[PDB]
Amino acid sequence: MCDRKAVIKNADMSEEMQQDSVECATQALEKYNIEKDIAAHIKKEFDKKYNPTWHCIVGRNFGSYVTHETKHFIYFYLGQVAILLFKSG
Amino acid sequence: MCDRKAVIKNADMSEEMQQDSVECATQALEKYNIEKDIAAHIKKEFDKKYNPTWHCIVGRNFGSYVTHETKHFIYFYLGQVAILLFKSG
Amino acid sequence: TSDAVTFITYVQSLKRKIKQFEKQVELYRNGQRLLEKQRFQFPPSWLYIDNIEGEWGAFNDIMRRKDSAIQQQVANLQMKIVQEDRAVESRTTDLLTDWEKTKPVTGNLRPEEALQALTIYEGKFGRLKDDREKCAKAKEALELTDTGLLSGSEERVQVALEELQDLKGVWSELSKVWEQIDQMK
Amino acid sequence: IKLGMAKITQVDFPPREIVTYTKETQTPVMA
Amino acid sequence: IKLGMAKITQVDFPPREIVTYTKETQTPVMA
Amino acid sequence: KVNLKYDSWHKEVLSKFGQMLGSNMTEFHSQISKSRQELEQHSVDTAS
Amino acid sequence: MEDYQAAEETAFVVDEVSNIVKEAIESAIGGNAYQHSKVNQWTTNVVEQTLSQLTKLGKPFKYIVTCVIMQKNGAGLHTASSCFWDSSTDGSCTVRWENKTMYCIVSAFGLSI
Amino acid sequence: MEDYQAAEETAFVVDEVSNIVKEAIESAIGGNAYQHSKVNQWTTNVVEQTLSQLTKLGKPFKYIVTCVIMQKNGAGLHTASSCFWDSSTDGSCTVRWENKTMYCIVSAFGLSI
């Protein structure tokens, strides 16, 4: 493991679910290499922990809007692969 | 745009409104280059004609595991630029 | 009305502070990409201009929706200004006649229960003046301000308060006179 | 006036529920 | 029989809109 | 050793807070359920 | 032949009461989106306009109007109304109305004395 | 001693109807969650049980029982009812009710003959 620092580019969360987003994206990044499987592990773990309905988008080149709930948004970067996470539905 | 050939990978929304998604992403890549501006125009168009709450991701390198409404889902490529349109919330 | 009015006064205080807030975001913007340009290695405990622009755009989105919530609540709180202004007028006229006819004025009664009656009407006019103040703040913060719309009831409760200052003063001078009367009886 | 039991007048607006589909998409990692 | 108007009998329960914010994301271009 | 024993001291203050909260909560469940069952069995529309 | 006109002058026609419910709903609601502070005066004005237009008929009835107004959030809705009347003279009217944001149900009743 | 309970058995006693409403609700729904297939049975059972034990009071009234049952999904519940009766004899009962998963309003009426 080379040190994959988590820079948080946007934060509408709580800090516990911020560090759990950092840990779950680190776990999904070490288990998978295709980005939809990374978004699959993050979205499945956070529908398990913090209820339906989250949406997760993982990649290196995308420009997007969200529409999320209150305290239900992070968009952050692990290395150079971005992790987009918001709850809607 | 030019010789990009809008090819649908995955479609669960109707053909007139899939055609609206194709022409809306075509005119949005015409009037902008930065993908989030394309996304915000696609947000305001789909949220004014097929209501809140759409979510759309514009880019060329991403993956996702996202949850849509039925009759509200397209993922299509405008060449290199992929457009993932879904409604949730 | 009035708790949301104190919130809307808090909103307008942040609206007067938002030029200082926006220039603060611009100062942290310039300093943060200068430290990117001069290669400072930021901690994770640093909350960035990434995070401050997330909170700042969140702050602007919440005040645009709560500004929209204000602009739909102008009708409901406008008619609540109408019922609270006329309720202060009604309870004003009731406590003016109750005050003006059931005060003790004279020099043939013991002044402790007399000044007790003056302080019950003083506290009752204090609560009625606080209802007038809550309606006056409601016409201040929700922008039905036409010289505050200071009512006839505000003038009537304040001239009854000035009349009660006169009667508490002459009952104090009479309380000195009745302590002399309790000595000379 | 002959009192009697009336017809049970029902209006059902159902919860128009989506069984919401979750799908994975991927840009095909292009060089 | 003096028929007349009755009072309005209202029971209110509040909704929420589960509070929605639009935020905008963009991957950078890199140096 | 400070952090290990202080996690255990947090667990002991945490557990006895849970035991006092569960005893007050069981007592409140008992008297509120007894009171509302007394409201159920006594109708106010009795004759006397 | 006067008994048939006297029976028609005190009958509960469901369609006239439903048209009064349509005119009261379109008078008070219109097609404006769900504002929950306005739902109180929408229910107030639909019940008061239906009670106003029903009492202009001059028929010997006692009228009950109940109104339900509800936002489209994916939540589920049942309203039920069985009653206890004389079946030869009395009747009811229950009308489902909707727009883009909202469901409006008005149950209107008319019971002869 | 006899004419006072005779006055109880003749006027609209407003909230012994509310005892009939809570016995109807606690017989029908219980502590069950929202499943939409049983909501029609629950609304029909509250209305039929309320019309069951208002008819065993022996009071000469015309009864109207309405019932709105609502899923807790963030949609919020407003009803209204103003009516047109004779005010010294008639009245209105309206009981709100909820649990973790469901809302309920039952509005019940009694109209004299």
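Protein chains in written order, with the deposited numbering: chain E, 1 to 89; chain D, 1 to 89; chain G, 1163 to 1347; chain J, 110 to 140; chain I, 110 to 140; chain A, 1115 to 1162; chain L, 1 to 113; chain K, 1 to 113. Cβ coordinates follow ideal geometry from the N, Cα and C atoms, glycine included.
{"Query": "My guess is that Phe76 (chain E) and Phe86 (chain E) are in contact by the Cβ rule of under 8 Å, so how many angstroms apart are they, rounded?", "Result": "Contact flag wrong, Cβ pair sits at about 12 Å."}
{"Query": "Please identify the residue among K:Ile69, K:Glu16, K:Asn40 whose C-alpha is closest to the C-alpha of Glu98 (chain K).", "Result": "K:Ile69"}
{"Query": "Skipping 5 residues on each side, what residues in its chain have a beta carbon closer than 7 Å to that of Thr67 (chain E)?", "Result": "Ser88"}
{"Query": "Could you check what DSSP says for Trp42 (chain K) in three-state terms: helix, strand or coil?", "Result": "helix"}
{"Query": "Taking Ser82 (chain K) and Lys111 (chain I) to be in contact with their CB atoms under 8 Å, please state how far apart those CB atoms are, rounded to whole angstroms.", "Result": "Going by Cβ atoms, the distance from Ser82 (chain K) to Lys111 (chain I) rounds to 17 Å, so no, they are not a contact pair."}
{"Query": "What is the DSSP secondary structure of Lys62 (chain L), counted as helix, strand or coil?", "Result": "strand"}
{"Query": "Is the CB-CB distance between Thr50 (chain L) and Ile29 (chain L) below 8 Å?", "Result": "no"}
{"Query": "Terminal residues of the continuous alpha helix (DSSP H) containing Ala6 (chain E)?", "Result": "Element bounds for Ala6 (chain E): not the alpha helix (DSSP H) but the beta strand (DSSP E), 6-12."}
{"Query": "Rounded to a whole number of angstroms, what is the C-alpha to C-alpha distance between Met17 (chain D) and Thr53 (chain E)?", "Result": "25 Å"}
{"Query": "Is it true that the CB of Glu35 (chain D) sits closer than 8 Å to the CB of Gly59 (chain D)?", "Result": "yes"}
{"Query": "Is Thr1255 (chain G) a contact residue of the ligand SAH, with contact defined as CB to any heavy atom under 7 Å?", "Result": "Although the ligand SAH was asked about, the structure shown includes no ligands whatsoever."}
{"Query": "If the cut-off is 7 Å on Cβ atoms, which residues from the segment 65-84 of chain K count as contacting chain I, listed in chain order?", "Result": "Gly74, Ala75, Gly76, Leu77, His78, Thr79, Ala80, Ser81, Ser82, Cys83, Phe84"}
{"Query": "According to DSSP, simplified to helix, strand and coil, what is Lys116 (chain J)?", "Result": "coil"}
{"Query": "Can you give me the C-alpha to C-alpha distance between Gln119 (chain J) and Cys93 (chain L), rounded to a whole angstrom?", "Result": "11 Å"}
{"Query": "With C-beta atoms as the reference, is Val39 (chain K) less than 8 Å away from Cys67 (chain K)?", "Result": "no"}
{"Query": "Does the segment 1209-1229 of chain G come close enough to the segment 1275-1294 of chain G that 3 or more CB-CB pairs lie under 8 Å?", "Result": "no"}
{"Query": "Quick one, are the C-beta atoms of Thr1171 (chain G) and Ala1300 (chain G) less than 8 Å apart?", "Result": "no"}
{"Query": "Let me know if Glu1316 (chain G) comes out buried or exposed under the rule of 16 or more other beta-carbons within 10 Å of its beta-carbon.", "Result": "buried"}
{"Query": "Please tell me whether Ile8 (chain E) and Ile42 (chain E) are closer than 8 Å, where the distance is taken between their beta carbons.", "Result": "no"}
{"Query": "Mind the definition here: the segment 69-78 of chain L touches the segment 119-135 of chain J only if three or more C-beta pairs lie below 8 Å; say whether that holds.", "Result": "yes"}
{"Query": "Apart from the five residues just before and just after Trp1333 (chain G), which ones in its own chain have a Cβ nearer than 7 Å to its Cβ?", "Result": "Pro1273, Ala1276, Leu1277, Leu1280"}
{"Query": "State the CB to CB distance for the pair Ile1214 (chain G) and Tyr1190 (chain G), rounded to an integer number of angstroms; the pair is presumed to be in contact (CB under 8 Å).", "Result": "6 Å"}
{"Query": "Is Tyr32 (chain E) near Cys56 (chain D), with beta carbons less than 8 Å apart?", "Result": "no"}
{"Query": "Measuring CB to CB, does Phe46 (chain D) end up less than 8 Å from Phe62 (chain E)?", "Result": "no"}
{"Query": "Check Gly1331 (chain G) in the structure and name its three-state DSSP category.", "Result": "helix"}
{"Query": "In whole angstroms, give me the CA-to-CA distance for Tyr63 (chain K) and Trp42 (chain K).", "Result": "19 Å"}
{"Query": "Is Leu111 (chain L) helix, strand or coil by DSSP?", "Result": "strand"}
{"Query": "Identify whether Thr79 (chain L) lies in helix, strand or coil by the three-state DSSP scheme.", "Result": "strand"}
{"Query": "Look at the alpha carbon of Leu1153 (chain A) and the alpha carbon of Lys22 (chain K), and state the distance between them as a whole number of angstroms.", "Result": "12 Å"}
{"Query": "In the structure shown, what three-state DSSP assignment does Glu98 (chain K) receive?", "Result": "strand"}
{"Query": "Looking at the C-beta of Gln1234 (chain G), does it have a partner C-beta in chain L at a distance below 8 Å?", "Result": "yes"}
{"Query": "By the three-class DSSP mapping on this structure, what secondary structure does residue 105 (chain D) have?", "Result": "Absent from the structure is residue 105 (chain D), since the part of chain D shown begins at 1 and ends at 89."}
{"Query": "I'd like to know if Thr67 (chain E) contacts chain I, where contact means its C-beta is closer than 8 Å to some C-beta of that chain.", "Result": "yes"}
{"Query": "Would you decide whether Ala7 (chain L) is buried or exposed? Buried here means 16 or more other CB atoms lie within 10 Å of its CB.", "Result": "exposed"}
{"Query": "Are the C-beta atoms of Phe12 (chain K) and some chain L residue less than 8 Å apart?", "Result": "no"}
{"Query": "Closer than 8 Å, Cβ to Cβ, to anything on chain I: give me those residues from the segment 33-54 of chain D, in chain order.", "Result": "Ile34, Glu35, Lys36, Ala39, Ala40, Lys43, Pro52, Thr53"}
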